[PDB]
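Structure data (TSV, C-alpha atoms) from upload-v1.tsv:
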chain	number	residue	atom	x	y	z
A	10	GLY	CA	-13.43	-5.68	5.59
A	11	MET	CA	-9.98	-7.20	5.25
A	12	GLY	CA	-8.11	-3.93	5.22
A	13	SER	CA	-10.59	-1.08	5.50
A	14	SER	CA	-7.98	1.63	5.06
A	15	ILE	CA	-4.28	1.93	4.24
A	16	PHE	CA	-3.44	1.93	7.95
A	17	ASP	CA	-4.64	-1.65	8.24
A	18	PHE	CA	-1.15	-2.33	6.95
A	19	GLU	CA	2.15	-1.37	8.56
A	20	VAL	CA	4.86	0.73	6.94
A	21	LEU	CA	8.66	0.67	6.92
A	22	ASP	CA	10.51	3.97	7.19
A	23	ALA	CA	13.36	4.89	4.82
A	24	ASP	CA	15.55	2.44	6.74
A	25	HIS	CA	12.76	-0.11	7.25
A	26	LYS	CA	12.34	0.94	10.84
A	27	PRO	CA	8.62	0.83	11.69
A	28	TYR	CA	7.03	3.89	10.11
A	29	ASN	CA	4.00	5.07	12.05
A	30	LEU	CA	1.88	5.70	8.96
A	31	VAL	CA	-1.36	5.83	10.90
A	32	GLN	CA	-0.45	9.07	12.65
A	33	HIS	CA	-1.20	10.61	9.26
A	34	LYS	CA	-4.74	9.41	9.70
A	35	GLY	CA	-7.33	12.09	10.25
A	36	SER	CA	-5.51	14.00	7.56
A	37	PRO	CA	-5.37	13.44	3.77
A	38	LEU	CA	-2.06	12.34	2.32
A	39	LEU	CA	-0.34	11.32	-0.89
A	40	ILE	CA	1.86	8.28	-1.25
A	41	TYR	CA	4.30	7.92	-4.13
A	42	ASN	CA	5.62	4.60	-5.42
A	43	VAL	CA	8.76	6.33	-6.61
A	44	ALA	CA	12.11	5.48	-8.12
A	45	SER	CA	14.23	6.76	-5.30
A	46	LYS	CA	16.63	9.10	-7.15
A	47	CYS	CA	17.45	7.00	-10.20
A	48	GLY	CA	17.33	8.32	-13.73
A	49	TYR	CA	14.45	10.76	-13.74
A	50	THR	CA	11.02	11.54	-12.32
A	51	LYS	CA	8.29	13.16	-14.40
A	52	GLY	CA	8.03	15.93	-11.80
A	53	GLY	CA	7.41	13.69	-8.84
A	54	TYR	CA	9.92	15.03	-6.38
A	55	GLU	CA	8.82	18.61	-6.99
A	56	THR	CA	5.10	17.86	-6.86
A	57	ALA	CA	5.48	15.69	-3.77
A	58	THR	CA	7.65	18.22	-1.94
A	59	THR	CA	5.39	21.10	-2.99
A	60	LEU	CA	2.16	19.37	-2.01
A	61	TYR	CA	3.51	18.46	1.42
A	62	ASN	CA	4.62	22.00	2.24
A	63	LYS	CA	1.67	23.75	0.62
A	64	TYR	CA	-1.13	21.62	2.02
A	65	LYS	CA	0.42	20.84	5.41
A	66	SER	CA	-1.73	23.76	6.58
A	67	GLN	CA	-4.90	21.71	6.00
A	68	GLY	CA	-3.13	18.71	7.45
A	69	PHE	CA	-1.57	16.93	4.51
A	70	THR	CA	1.38	14.59	4.28
A	71	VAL	CA	3.25	13.20	1.30
A	72	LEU	CA	4.81	9.80	1.80
A	73	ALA	CA	7.18	8.62	-0.90
A	74	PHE	CA	7.90	4.92	-0.89
A	75	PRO	CA	11.05	4.28	-2.92
A	76	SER	CA	11.19	1.43	-5.36
A	77	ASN	CA	13.23	-1.68	-4.68
A	78	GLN	CA	15.09	-2.54	-7.89
A	79	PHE	CA	15.63	-5.99	-6.39
A	80	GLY	CA	11.95	-6.87	-6.46
A	81	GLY	CA	12.13	-8.22	-9.99
A	82	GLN	CA	9.40	-6.24	-11.69
A	83	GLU	CA	9.70	-2.71	-10.31
A	84	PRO	CA	7.33	-0.55	-12.41
A	85	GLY	CA	8.84	0.64	-15.63
A	86	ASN	CA	11.88	1.68	-13.67
A	87	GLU	CA	13.19	-1.91	-13.66
A	88	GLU	CA	15.18	-1.11	-16.81
A	89	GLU	CA	16.31	2.15	-15.26
A	90	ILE	CA	17.64	1.27	-11.81
A	91	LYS	CA	20.00	-1.29	-13.36
A	92	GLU	CA	22.79	1.22	-13.64
A	93	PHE	CA	21.53	3.16	-10.65
A	94	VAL	CA	20.69	2.44	-7.05
A	95	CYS	CA	17.46	3.67	-5.57
A	96	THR	CA	17.57	4.39	-1.89
A	97	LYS	CA	15.37	6.99	-0.08
A	98	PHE	CA	15.84	10.08	-2.27
A	99	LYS	CA	14.98	12.13	0.84
A	100	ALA	CA	13.09	15.42	0.86
A	101	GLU	CA	11.09	17.89	2.95
A	102	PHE	CA	8.46	15.18	3.20
A	103	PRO	CA	8.57	11.58	4.58
A	104	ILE	CA	10.24	9.09	2.23
A	105	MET	CA	9.68	5.45	3.12
A	106	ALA	CA	11.08	1.95	2.64
A	107	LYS	CA	11.68	0.98	-0.99
A	108	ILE	CA	9.33	-1.80	-1.84
A	109	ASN	CA	8.64	-3.63	-5.06
A	110	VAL	CA	5.63	-1.66	-6.15
A	111	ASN	CA	4.40	-4.21	-8.70
A	112	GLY	CA	3.92	-7.88	-9.28
A	113	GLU	CA	3.57	-10.33	-6.44
A	114	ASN	CA	6.43	-8.91	-4.43
A	115	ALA	CA	4.61	-5.68	-3.65
A	116	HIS	CA	4.31	-4.50	-0.06
A	117	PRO	CA	0.88	-5.73	1.20
A	118	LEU	CA	-0.07	-2.10	1.80
A	119	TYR	CA	0.55	-1.38	-1.89
A	120	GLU	CA	-1.26	-4.59	-2.69
A	121	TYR	CA	-4.13	-2.82	-0.94
A	122	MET	CA	-3.56	0.53	-2.63
A	123	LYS	CA	-3.11	-0.96	-6.10
A	124	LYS	CA	-6.15	-3.24	-5.85
A	125	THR	CA	-8.27	-0.43	-4.47
A	126	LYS	CA	-7.70	2.32	-7.01
A	127	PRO	CA	-6.62	1.76	-10.64
A	128	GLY	CA	-6.76	5.53	-10.94
A	129	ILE	CA	-6.76	7.21	-14.33
A	130	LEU	CA	-5.13	4.58	-16.53
A	131	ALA	CA	-5.78	1.04	-17.71
A	132	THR	CA	-6.02	-1.48	-14.84
A	133	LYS	CA	-4.44	-1.03	-11.43
A	134	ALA	CA	-0.80	-2.00	-11.84
A	135	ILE	CA	2.36	-0.07	-11.05
A	136	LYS	CA	4.37	0.45	-14.27
A	137	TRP	CA	5.90	3.92	-13.89
A	138	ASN	CA	7.71	6.49	-11.69
A	139	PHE	CA	6.52	8.15	-8.49
A	140	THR	CA	2.75	7.76	-9.15
A	141	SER	CA	1.05	9.13	-6.07
A	142	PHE	CA	-2.09	7.65	-4.59
A	143	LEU	CA	-4.56	10.14	-3.29
A	144	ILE	CA	-5.18	8.95	0.23
A	145	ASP	CA	-8.02	10.56	2.16
A	146	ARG	CA	-8.28	11.44	5.88
A	147	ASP	CA	-9.30	7.87	6.60
A	148	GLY	CA	-6.72	6.08	4.53
A	149	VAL	CA	-8.78	5.20	1.50
A	150	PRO	CA	-7.22	5.64	-1.97
A	151	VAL	CA	-9.53	7.99	-3.84
A	152	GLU	CA	-7.22	8.34	-6.86
A	153	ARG	CA	-3.97	7.15	-8.40
A	154	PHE	CA	-2.03	9.89	-10.19
A	155	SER	CA	0.74	8.35	-12.30
A	156	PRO	CA	3.94	10.37	-13.14
A	157	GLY	CA	1.77	12.15	-15.66
A	158	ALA	CA	-0.07	14.30	-13.15
A	159	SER	CA	1.23	17.68	-12.06
A	160	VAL	CA	0.51	19.68	-8.89
A	161	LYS	CA	-2.89	21.00	-9.95
A	162	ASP	CA	-3.80	17.64	-11.52
A	163	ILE	CA	-3.66	16.34	-7.97
A	164	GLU	CA	-5.16	19.44	-6.35
A	165	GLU	CA	-8.52	19.01	-8.10
A	166	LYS	CA	-8.93	15.72	-6.26
A	167	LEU	CA	-7.04	16.67	-3.11
A	168	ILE	CA	-8.47	20.05	-2.03
A	169	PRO	CA	-11.97	18.64	-1.16
A	170	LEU	CA	-10.37	15.88	0.92
A	171	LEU	CA	-7.98	18.21	2.74
A	172	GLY	CA	-11.05	20.09	3.78
A	173	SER	CA	-12.98	16.91	4.63
A	174	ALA	CA	-12.89	13.47	3.00
A	175	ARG	CA	-15.57	11.83	5.09
A	176	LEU	CA	-16.02	13.80	8.33
Please, can you express the file's structure as structure tokens?
Amino acid sequence: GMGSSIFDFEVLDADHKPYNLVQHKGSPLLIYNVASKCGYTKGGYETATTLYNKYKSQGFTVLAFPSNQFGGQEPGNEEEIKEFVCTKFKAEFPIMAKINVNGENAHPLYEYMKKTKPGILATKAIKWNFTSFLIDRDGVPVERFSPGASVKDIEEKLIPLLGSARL
């Protein structure tokens, strides 16, 4: 069990100050590998913000980890954030340290997330916008919703977990 849950890894806050991710444990949460305000999101900001506020009643958090254009292979946004600069887009929900969500340069936590749950597409690589991972009350990725999933697309997988993912 080298990394049982997401919290086996440590997180950097928007300014790379130690983000206490594991205080979100006991509650289900989403985590977006997102282009931090560069070009466009396929409804990521809205969905993320909405989900946080709406499901915070059942104990839900949305963490958006920006994408570091300096990683080399940042999803499909590597061609985008060349004329833009991605840096914590900020919201009503916690936005994190931009990491290279892809490749070899990925944050070890995303190396965990990515390897754990391919999601709904081919393989388990990060090649697009915000793409949230459905993280349960324990910190296990149950799903990976790319920028193609809307609010309710996530809800169908989230609602049961918000209630109870394990116990």
Do a neighbour search on segment 146-150 of chain A at 8 Å with all atoms listed in the file, toss out local chain neighbours closer than 2 positions, and write the hits as a ChimeraX atom specification.
-> /A:13-16,33-38,122,125-126,142-144,152-153,170-171,173-175
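Using all atoms listed in the file, the contacts of residue 159 of chain A at a cut-off of 9 Å, with sequence neighbours closer than 4 positions omitted, comprise residues 51, 52, 53, 56, 154, 163 and 164 of chain A.
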In Å, how far is it from atom CA of residue 124 of chain A to atom CA of residue 73 of chain A?
->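 Distance between the two atoms: 18.5 Å.
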Rank nothing, just name the residue among A:86, A:109, A:29, A:67 nearest to residue 50 of chain A, using all atoms listed in the file.
->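 The answer is A:86, which sits nearest to residue 50 of chain A.
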Find the distance between atom CA of residue 84 of chain A and atom CA of residue 135 of chain A and write it in Å to one decimal.
->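 Atom CA of residue 135 of chain A lies at a distance of 5.2 Å from atom CA of residue 84 of chain A.
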Any idea what the distance is between atom CA of residue 172 of chain A and atom CA of residue 41 of chain A?
-> 21.1 Å
Residue nearest residue 98 of chain A - candidates A:111, A:45, A:155, A:82, atoms counted: all atoms listed in the file = A:45
With only C-alpha atoms as the basis for distance, which of A:106, A:78, A:62, A:94 is at the shortest distance from residue 27 of chain A?
->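 Smallest separation from residue 27 of chain A among the options: A:106.
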Some atoms are absent from segment 13-29 of chain A, so rebuild N, CA, C and O atoms and return them as an mmCIF file, keeping the file's coordinate frame.
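Produced file part21.cif, reproduced below:
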data_model
loop_
_atom_site.group_PDB
_atom_site.id
_atom_site.type_symbol
_atom_site.label_atom_id
_atom_site.label_comp_id
_atom_site.auth_asym_id
_atom_site.auth_seq_id
_atom_site.Cartn_x
_atom_site.Cartn_y
_atom_site.Cartn_z
ATOM 1 N N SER A 13 -9.604 -2.119 5.766
ATOM 2 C CA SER A 13 -10.590 -1.080 5.500
ATOM 3 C C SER A 13 -9.902 0.154 4.938
ATOM 4 O O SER A 13 -10.407 0.800 4.016
ATOM 5 N N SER A 14 -8.740 0.469 5.486
ATOM 6 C CA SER A 14 -7.980 1.630 5.060
ATOM 7 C C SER A 14 -6.522 1.236 4.829
ATOM 8 O O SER A 14 -6.157 0.069 4.990
ATOM 9 N N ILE A 15 -5.694 2.191 4.447
ATOM 10 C CA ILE A 15 -4.280 1.930 4.240
ATOM 11 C C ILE A 15 -3.588 1.563 5.556
ATOM 12 O O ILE A 15 -2.628 0.794 5.576
ATOM 13 N N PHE A 16 -4.107 2.080 6.661
ATOM 14 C CA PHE A 16 -3.440 1.930 7.950
ATOM 15 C C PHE A 16 -3.685 0.554 8.545
ATOM 16 O O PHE A 16 -3.201 0.243 9.636
ATOM 17 N N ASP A 17 -4.453 -0.265 7.842
ATOM 18 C CA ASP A 17 -4.640 -1.650 8.240
ATOM 19 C C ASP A 17 -3.360 -2.426 7.963
ATOM 20 O O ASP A 17 -3.190 -3.566 8.404
ATOM 21 N N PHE A 18 -2.464 -1.788 7.223
ATOM 22 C CA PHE A 18 -1.150 -2.330 6.950
ATOM 23 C C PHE A 18 -0.096 -1.506 7.677
ATOM 24 O O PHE A 18 -0.355 -0.365 8.063
ATOM 25 N N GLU A 19 1.080 -2.077 7.870
ATOM 26 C CA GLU A 19 2.150 -1.370 8.560
ATOM 27 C C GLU A 19 3.230 -0.954 7.574
ATOM 28 O O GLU A 19 3.444 -1.621 6.565
ATOM 29 N N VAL A 20 3.900 0.153 7.863
ATOM 30 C CA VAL A 20 4.860 0.730 6.940
ATOM 31 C C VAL A 20 6.287 0.693 7.485
ATOM 32 O O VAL A 20 6.506 0.771 8.692
ATOM 33 N N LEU A 21 7.253 0.543 6.581
ATOM 34 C CA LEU A 21 8.660 0.670 6.920
ATOM 35 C C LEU A 21 9.168 2.040 6.499
ATOM 36 O O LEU A 21 8.898 2.503 5.390
ATOM 37 N N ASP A 22 9.866 2.684 7.422
ATOM 38 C CA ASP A 22 10.510 3.970 7.190
ATOM 39 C C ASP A 22 11.628 3.818 6.159
ATOM 40 O O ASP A 22 11.881 2.705 5.701
ATOM 41 N N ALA A 23 12.282 4.915 5.796
ATOM 42 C CA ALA A 23 13.360 4.890 4.820
ATOM 43 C C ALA A 23 14.356 3.765 5.099
ATOM 44 O O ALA A 23 14.849 3.121 4.172
ATOM 45 N N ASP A 24 14.625 3.503 6.372
ATOM 46 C CA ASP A 24 15.550 2.440 6.740
ATOM 47 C C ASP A 24 14.830 1.214 7.284
ATOM 48 O O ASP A 24 15.411 0.415 8.022
ATOM 49 N N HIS A 25 13.544 1.084 6.950
ATOM 50 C CA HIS A 25 12.760 -0.110 7.250
ATOM 51 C C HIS A 25 12.535 -0.247 8.743
ATOM 52 O O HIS A 25 12.189 -1.314 9.239
ATOM 53 N N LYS A 26 12.762 0.841 9.456
ATOM 54 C CA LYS A 26 12.340 0.940 10.840
ATOM 55 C C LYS A 26 10.848 1.198 10.800
ATOM 56 O O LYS A 26 10.372 1.813 9.851
ATOM 57 N N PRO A 27 10.073 0.708 11.770
ATOM 58 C CA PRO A 27 8.620 0.830 11.690
ATOM 59 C C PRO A 27 8.177 2.278 11.535
ATOM 60 O O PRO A 27 8.355 3.100 12.436
ATOM 61 N N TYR A 28 7.604 2.578 10.377
ATOM 62 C CA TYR A 28 7.030 3.890 10.110
ATOM 63 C C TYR A 28 5.591 3.960 10.587
ATOM 64 O O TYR A 28 4.730 3.222 10.107
ATOM 65 N N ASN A 29 5.342 4.842 11.542
ATOM 66 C CA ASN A 29 4.000 5.070 12.050
ATOM 67 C C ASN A 29 3.175 5.825 11.009
ATOM 68 O O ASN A 29 3.051 7.046 11.059
#
